[PDB]
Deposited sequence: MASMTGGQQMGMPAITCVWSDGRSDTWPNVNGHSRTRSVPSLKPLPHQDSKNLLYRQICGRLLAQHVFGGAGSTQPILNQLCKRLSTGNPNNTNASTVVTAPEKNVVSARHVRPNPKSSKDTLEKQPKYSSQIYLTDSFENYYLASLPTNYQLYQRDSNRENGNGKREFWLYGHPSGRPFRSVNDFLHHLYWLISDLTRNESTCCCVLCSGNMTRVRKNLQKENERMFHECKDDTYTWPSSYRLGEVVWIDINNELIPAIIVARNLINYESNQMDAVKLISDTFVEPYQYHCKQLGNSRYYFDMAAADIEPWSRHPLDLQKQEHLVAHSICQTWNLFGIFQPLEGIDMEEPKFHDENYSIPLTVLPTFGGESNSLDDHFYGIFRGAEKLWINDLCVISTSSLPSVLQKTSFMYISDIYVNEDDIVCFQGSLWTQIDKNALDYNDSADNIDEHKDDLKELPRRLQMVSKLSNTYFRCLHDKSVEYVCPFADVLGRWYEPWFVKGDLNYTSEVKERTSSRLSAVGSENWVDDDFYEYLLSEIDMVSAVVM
C-alpha cells in the first residue's frame, strides 16, 4: 500500500472556518477521501488520459520498488494546512468540503480538489496559472481541463507510435486499403488494441484494428488489419480517377501540432519508481505547459500522407551530407522545432541498418532486432546530433517486415495547413454514426 505525501503545499490554516463537522486524519471518511485522492493522483501522475502501458505491462508479466496496481495508493496525509469537513445539506445529500486554498473557498468535492492536488505535485514552478482546478481557474476550468486531457492523450499517442506499438499505422494518415483485390484510398480515423514470447512478437506486428474512411467516398471500413494496408508511397495515385483527388490533395499538405515547452535539465532525473514484481520502469506523465526562447517545439508533424513524431524514425536525404554519413538509413528524431528563421528543423542521431541475411537502442529498434536479422549502428559520436530542415525529411522509416517491396512514390509536400481536418475537409471526414458502428464492431474484441 504505497503512501503518498506532498513535498510542498500552498494551504493556509487561516482559511479554515448548514453545519460543518471536522473529519480528522483518523476518521474513516477522511481515510476514504485520502484513498480516492491517492488512487486517482497515482493513476494521473503514473498514467494519464490515453495510457496503454498497463496493457504492455500485463503482456510482459507473462530507485524505488513499487506495485503498479494504483488502486492501492493513498494519501499518507492531506497537504499541510488543508482541513476536511462534512457538511449537511434542502437536498439532504452530504458534502465533504476541503478548506485551505488561498482564495478562502472550499473544494466542495474530492473531484474538484484533485485538479489542485495534481498541480501541487506536478507544477515544479509553483505557477498558479497552470492549474486547472475551479478555484484557480474559475470559468476557464473546463477549457483548461480539456486541453490537459488532450495533451495527456497526445503524449501517449506519441509514446505508442514510437515506443509501445510503433510498428503500425497512425491516426490521420492516408493509406492504401486492399479489400477483395481492390486498392481503396483511405484515412485512418481510429484504432484499438486487440484484447488477448510469441504473443509479444505478434502484438508488435499487428497490435491494432484499424477503422478507416474512404477518401472520395462516404464508405466506412471497420476492422482492418495492417496486412491489408500499405503506405501511401507504395502505389501511385491516378490523375484521371476523379475520386483519387481527395487523397492527392491531402497528401500535398503538412501541419505542425502539439506545441510544448522543453524541460530544463534540472527538472529531469533517472527513473525513480519501478515495478516491485518485475522492475518495469513506471511511466511518469510530463507536464510541459509553462513559460519560456525563440524556438517553438512540437510533438509532431503531418508530412503529406504520414505522421511524424519526436522519438520517431524518419528517412532523410543523404545527397548533401559528408561521406562519413552517407550510409545513413534513418534519423532517430530527438526534437522538432521552428528556429528563429521560421524553418521547421528535425534534430536527431543518424543511423545505418544492416540486414545480415541493445542497451543503447530505443525499445522500437531493440524489438526489430529480436524479430529480424537486422542490425543498427549510429554513424557519429554519441554526444552530438545533426539538424536538417523539414525540406530534407523524405518520410517515415518502416520496420523491415512492414512493406514487401519499396516506396518510390514521393509526393510534392508544398502546402501548409492549420490542421489535419482542414486539409481533409469536413465533407471528407466521418459523421457521428461512424463511432456508433465502431462501438458495435469492437464491443467484444478490443482491449479496455
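Comparing the deposited sequence with the modelled residues, the stretches lacking C-alpha coordinates are 1-11, 29-39, 85-131, 159-162, 270-276, 373, 439-455, 547-548.
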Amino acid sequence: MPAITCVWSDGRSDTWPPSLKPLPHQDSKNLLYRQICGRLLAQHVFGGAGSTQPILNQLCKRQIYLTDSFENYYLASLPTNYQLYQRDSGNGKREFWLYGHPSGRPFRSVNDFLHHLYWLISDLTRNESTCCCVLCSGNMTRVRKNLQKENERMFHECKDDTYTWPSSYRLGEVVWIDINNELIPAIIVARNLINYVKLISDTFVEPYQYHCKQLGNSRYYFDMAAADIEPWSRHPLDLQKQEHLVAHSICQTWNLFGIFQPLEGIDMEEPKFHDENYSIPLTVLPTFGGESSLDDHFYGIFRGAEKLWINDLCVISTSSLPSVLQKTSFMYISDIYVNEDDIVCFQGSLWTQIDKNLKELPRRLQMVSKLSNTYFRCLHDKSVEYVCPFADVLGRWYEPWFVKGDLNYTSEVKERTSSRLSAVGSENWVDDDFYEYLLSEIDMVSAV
From here on, numbers count along this sequence of modelled residues.
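Mean CA B-factor, 267-275 versus 296-304: the higher value falls on 267-275. Higher average CA B factor: 316-324, of the stretches 316-324 and 204-212. Within the selection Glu150, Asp335, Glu71, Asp160, the deposited Cα B-factor values reach their highest point at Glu71. As recorded in the entry, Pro281 carries the highest CA temperature factor of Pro286, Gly100, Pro281, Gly258. When all modelled residues of the chain are sorted by CA temperature factor, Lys61 is found within the highest third.
Ranked within its chain, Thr125 lands in the middle third, by CA B factor from the PDB record.
In the deposited entry, the Cα temperature factor of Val413 sits in the top third of values across the chain's modelled residues. Compared with the other modelled residues of the chain, the Cα B-factor recorded for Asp10 ranks in the lowest third.
The PDB entry assigns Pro362 a C-alpha temperature factor belonging to the middle third of its chain's modelled residues.
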